[PDB]
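Input: a single structure, listed below in structure tokens.
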Amino acid sequence: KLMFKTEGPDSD
Amino acid sequence: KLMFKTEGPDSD
Amino acid sequence: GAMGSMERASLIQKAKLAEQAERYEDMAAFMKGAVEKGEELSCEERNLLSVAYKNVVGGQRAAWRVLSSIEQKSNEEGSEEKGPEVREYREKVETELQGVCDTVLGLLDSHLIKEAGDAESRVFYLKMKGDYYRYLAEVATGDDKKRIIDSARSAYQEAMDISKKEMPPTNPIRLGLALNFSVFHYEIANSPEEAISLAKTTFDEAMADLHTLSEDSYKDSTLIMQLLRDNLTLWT
Amino acid sequence: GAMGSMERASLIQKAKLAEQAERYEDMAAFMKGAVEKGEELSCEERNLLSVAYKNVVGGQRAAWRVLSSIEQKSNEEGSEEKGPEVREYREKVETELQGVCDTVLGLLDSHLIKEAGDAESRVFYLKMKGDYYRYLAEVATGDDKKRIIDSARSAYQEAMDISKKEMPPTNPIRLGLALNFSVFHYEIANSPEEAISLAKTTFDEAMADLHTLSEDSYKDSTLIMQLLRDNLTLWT
Ligand SMILES: N=C(N)c1cc(-c2ccccc2)c(Nc2cccc(N)c2)s1
Ligand SMILES: N=C(N)c1cc(-c2ccccc2)c(Nc2cccc(N)c2)s1
Ligand SMILES: [Cl-]
Ligand SMILES: [Cl-]
Ligand SMILES: [Mg+2]
Ligand SMILES: [Mg+2]
Ligand SMILES: [Mg+2]
Ligand SMILES: [Mg+2]
């Protein structure tokens, strides 16, 4: 999946 | 610590 | 409470150690323990709570997506019947993810949100509430999907309302909330236009307030502004 | 056995899924379950077992070293007394690491090693036995440290003896064993000369056997040879 930017650790 | 090369996944 | 016998200050100290060791499950358990002491959290303590669970749920979300993708392929036309294992294991991971989300929502409801009166705490926790409902929504397929989505929206909206009244447009919490609510709109609520409008307006209003800030505050705000811009680039 | 009710084949399938999802703790638990079915493991199954636990123990080793380093700093001359937390938490992680090592040694002793008659299985398992004793040795400080070290050496030595009699010098298992035993010598046994001699001789004897191999076998052997070379570069 293209994941969009969300706040904080990009831990996924 | 300088870790030397050991077999398989360098998971540390 | 497995952490019931440890001092609050020791739990916080150990959460910080756990973070340095990249032991996020431990970090989350220590911060859960600290919350359950019943005192309000400081700014730093709120950030430790959020970072810990964000890292835990992040691993589970990434794993879920891998498994979901495999499962979907296994149900294509021409795929060989591999049996129930893919579904079973995606379900196992999904259930653990849902448990983590429920745990966090439980802390927010008992009793972090109701004791939070300052804008910076209350907005932080309501944003978290929206975020963990959003993570539930990502995996929801049942007759509760609509209510989960509406729970995310409701939490995000209350946070937005307070943030607009009580915080300047460059406030990093306010910016981070808008970022996340915009992603909610884009891919959970199937509202890409709303997503784009929110991200644009948020970016533009922060830009016009940057002149008021110190160098350090400027760095903090522009970091999140760049995330808004990154999404807008993908979306337009 | 939490995995006692699941089919062997399903455990193996789920181990493979867990690997794709980077869920190594799950991968290890599934392979533990497969081993406890009591049948011997195939080559692929042995590799899944090893990869899973290697990834689990790797996280714990990296965490232990972070915590150990902090603890050592806290005991320097001029460091402020932070209380027992650093030690307590390093102990917590250490104990979990030791549990994982004991779990693996338990599987090898009950009953993987005693049923392994072929060189490729028996050498694989004895190498693992040496490796997990080595991981115990890395954190050992008590009156058992010498016996742990001797247990690692003994397992490595039996593996080396079989590997030299039964496998060509380019065999990737043989090479990987020599690599690991050389590191054992260098930093567990405080025998850097032995480490260097073993790595050199192993490299040179593999080099002279490469002519016998297919392109694919050549790739497999030269990968591990490069690890020997990497260490020799650091050591000389
Ligand atoms: N990973 C961690 N331990 C933290 C991350 C952040 C952070 C900072 C800026 C923006 C987003 C997150 C913290 N914030 C922090 C620290 C001291 C005091 C105060 N008020 C806030 S702690
Ligand atoms: N991560 C994994 N699932 C595996 C890694 C390796 C591997 C291969 C070469 C060198 C070291 C490890 C496997 N080996 C494998 C596979 C099929 C058949 C046979 N015989 C052996 S499985
Ligand atoms: Cl499962
Ligand atoms: Cl602890
Ligand atoms: Mg489900
Ligand atoms: Mg339009
Ligand atoms: Mg100990
Ligand atoms: Mg010399």
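Protein chains in written order, with the working numbering: chain A, -14 to -3; chain B, -14 to -3; chain C, 163 to 398; chain D, 163 to 398.
C-beta: ideal position from N, C-alpha, C; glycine also.
The beta carbon of C/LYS362 sits closer than 7 Å to the beta carbons of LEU394 from its chain, once the five residues preceding and following it are set aside; these are given in chain order.
Not flagged as an interface residue toward chain C: D/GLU181, since no C-beta distance is shorter than 8 Å.
Taken from the Cβ of C/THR257, at least one heavy atom of ligand 5 lies inside 7 Å. Judged by the Cβ position, D/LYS194 fails to qualify as a neighbour of ligand 3 at the 7 Å threshold, every heavy atom of the ligand being at least this far. Residues of the segment 242 to 261 of chain C with a Cβ closer than 9 Å to any Cβ of chain D, in chain order: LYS244, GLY245, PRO246, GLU247, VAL248, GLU250, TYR251, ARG252, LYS254 and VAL255. At a Cβ-Cβ threshold of 8 Å, D/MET165 and D/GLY200 do not count as neighbours. Burial is judged here by how many other beta carbons sit within 10 angstroms of a residue's own beta carbon; D/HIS273 has fewer than 16 and is exposed. Within chain C, the residues placing a beta-carbon under 7 Å from that of D/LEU229 are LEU179 and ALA183, ordered along the chain. Going by C-alpha positions, C/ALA180 is about 5 Å away from C/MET189.
Within chain C, no C-beta atom comes less than 8 Å from the C-beta of D/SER167; the nearest is roughly 12 Å away. Listed by position in the chain, the residues whose beta carbon lies within less than 6 Å of some heavy atom of ligand 2 are D/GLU181, D/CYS205, D/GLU206, D/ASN209, D/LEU210, D/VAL213 and D/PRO334. With fewer than three CB-CB distances shorter than 8 Å, the segment 259 to 270 of chain D does not count as touching the segment 227 to 245 of chain D. If you ignore the 5 residues before and after C/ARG208, its C-beta comes within less than 6 Å of the C-beta of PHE286, all in its own chain and listed in chain order. In the pairwise beta carbon analysis, the segment -13 to -3 of chain B is classified as touching the segment 327 to 347 of chain D: at least three pairs are separated by under 8 Å. Here the alpha carbons of D/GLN175 and C/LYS235 stand approximately 16 Å from one another. Residue-level contact check: C/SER236 does not touch chain D, since none of the beta carbons of chain D fall below 8 Å from its beta carbon. Residues of chain B whose Cβ lies closer than 9 Å to the Cβ of D/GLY338 are, in chain order, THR(-9), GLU(-8) and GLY(-7).
Using a Cβ distance threshold of 8 Å, D/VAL266 and D/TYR215 count as a contacting pair. Excluding its 5 nearest sequence neighbours in each direction, D/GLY163 has C-beta neighbours in its own chain below 8 Å: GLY195 and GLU198, listed in chain order. Between the C-alpha atoms of C/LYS307 and D/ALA171 there is a straight-line separation of about 34 Å. Rounded to whole angstroms, the Cβ separation of D/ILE311 and D/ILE350 is 6 Å, and the two are in contact under 8 Å. With respect to the 8 Å criterion, C/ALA321 and C/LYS289 are classified as neighbours on the basis of their beta carbons.
Here C/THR332 is buried, its C-beta having at least 16 other C-beta atoms within 10 Å. Nearest C-alpha to D/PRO330 among D/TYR295, D/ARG296 and D/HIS373: D/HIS373. Within the model, the alpha-carbon separation for C/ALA357 versus D/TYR186 is close to 36 Å. Chain-order list of chain C residues neighbouring D/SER353: empty, with the shortest C-beta distance near 30 Å, by a criterion of under 7 Å. Look at D/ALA361: its C-beta is not under 8 Å from any C-beta on chain C. By the rule that beta-carbons nearer than 8 Å mark a contact, D/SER172 touches chain C. The closest heavy atom of ligand 4 lies less than 7 Å from the beta carbon of D/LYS254. Nearest to D/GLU367 by C-alpha distance, out of D/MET168, D/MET387, D/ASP382 and D/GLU377, is D/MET387.
With its beta carbon less than 8 Å from one in chain D, C/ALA225 belongs to the interface. Listed along chain D, the residues sitting closer than 7 Å to C/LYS176 by beta-carbon distance are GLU247 and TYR251.
The beta carbon of C/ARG391 is closer than 7 Å to those of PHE365 in its chain, skipping five residues each way along the sequence. The Cβ of C/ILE311 sits no closer than 8 Å to any Cβ of chain D. According to the DSSP assignment, D/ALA314 belongs to the alpha helix (DSSP H) that extends over 307 to 328. Per DSSP, the unbroken alpha helix (DSSP H) holding C/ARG227 starts and ends at 205 to 236.
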